[PDB]
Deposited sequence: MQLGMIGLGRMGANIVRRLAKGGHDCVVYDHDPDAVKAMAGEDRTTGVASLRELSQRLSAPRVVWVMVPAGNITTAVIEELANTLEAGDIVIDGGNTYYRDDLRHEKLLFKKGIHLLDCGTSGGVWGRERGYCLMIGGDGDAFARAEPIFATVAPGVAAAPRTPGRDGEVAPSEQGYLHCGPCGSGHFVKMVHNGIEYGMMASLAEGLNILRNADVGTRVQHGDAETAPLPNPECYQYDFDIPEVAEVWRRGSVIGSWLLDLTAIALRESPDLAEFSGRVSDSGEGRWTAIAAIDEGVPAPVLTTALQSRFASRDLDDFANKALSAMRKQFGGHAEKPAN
């Protein structure tokens, strides 16, 4: 089965590799023409030179998948794609778009019979040999047409045991992809996956910090009562490892964290300045609009904010106040 791909980075590319390698004709493209050549020289991949050439080098109805950076670069492509496509022609979007962005786009497209499918792509610099968890939202037939594509790019049921409970047969979710519901729905679930990520990383991270500083009763701000109760130097890299078998906080993020600490035992190569792509933020904003109390996820987000010195004016404020006493 045949596909389009606008935008080719660390992701939009490694998509098309396990698309070909599975058994799919893929027809790639980009803005900076470097990415379109390297791909075109591998199994079942051809690098066109415009959005029109791609639609013409595909089967009607046409699947066309956009993994370009989010914001106004996404919007221009979708209002270009509008003129360069026809009816029956579904339009997957697997970049980090705000579920609400999708609402205006899918109206501009559902005008000219062009369909949108909001895709929640995750997996990263593993998603090629491990598969890319997708959370697709839109029309039920448009979805069904592409379902081939999605299975090829998911990790597949094999990736982990089936659910102690699922007797009978084996549904989308099990392999690693899901019609989440209508327009937005796709990206919405990706937001919250990211919410939980921040939360889950922060939990490990806070606990590891706790351990790292267990020795504060040797390293001698309040006057510490009971410095004998803080005399421990913890092999943080081994503690990370030990928790990998037979405990509860078993997780992919500890596996990576057990790596990163095997390589770099004091994570020196990282400064502290933690960026946030914006999906943490829209999860937090969702919670506040829904009246869902989410202090754990929203406080993981606020810790990143603080790690980039965005607490600055509040900190001057507190300093300026203490002086006045």
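Gaps in the model relative to the deposited sequence occur at 221 to 226, 332 to 340, listed in sequence order.
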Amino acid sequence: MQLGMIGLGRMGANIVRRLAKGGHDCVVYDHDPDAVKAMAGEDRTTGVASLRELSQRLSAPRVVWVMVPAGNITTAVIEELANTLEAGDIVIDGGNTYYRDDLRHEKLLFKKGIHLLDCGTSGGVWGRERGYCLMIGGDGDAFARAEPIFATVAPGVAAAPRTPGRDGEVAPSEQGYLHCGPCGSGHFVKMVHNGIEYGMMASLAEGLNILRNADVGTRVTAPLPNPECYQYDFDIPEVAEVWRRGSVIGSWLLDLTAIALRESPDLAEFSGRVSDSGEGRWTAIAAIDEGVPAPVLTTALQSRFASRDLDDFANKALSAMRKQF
From here on, numbers count along this sequence of modelled residues.
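With 91 to 99 and 236 to 244 compared on mean CA B-factor from the PDB entry, the stretch scoring higher is 91 to 99. A summary of the deposited B-factors shows that, of 286 to 294 and 29 to 37, the stretch with the larger mean C-alpha value is 29 to 37. Out of 275, 257, 46, 271, the entry records its largest CA B-factor for 46.
Highest CA B-factor among the listed residues (16, 310, 301, 317): 16. Among the modelled residues of its chain, residue 190 has a C-alpha B-factor that falls in the lowest third, as given in the PDB entry. Placement of the Cα temperature factor of residue 113 within the chain: highest third of the modelled residues, per the deposited record. For residue 206, the recorded CA temperature factor ranks within the lowest third of the chain's modelled residues. When the CA B factors of the chain's modelled residues are split into thirds, the value for residue 281 lands in the lowest one. Among the modelled residues of its chain, residue 1 has a C-alpha B-factor that falls in the highest third according to the deposited record.
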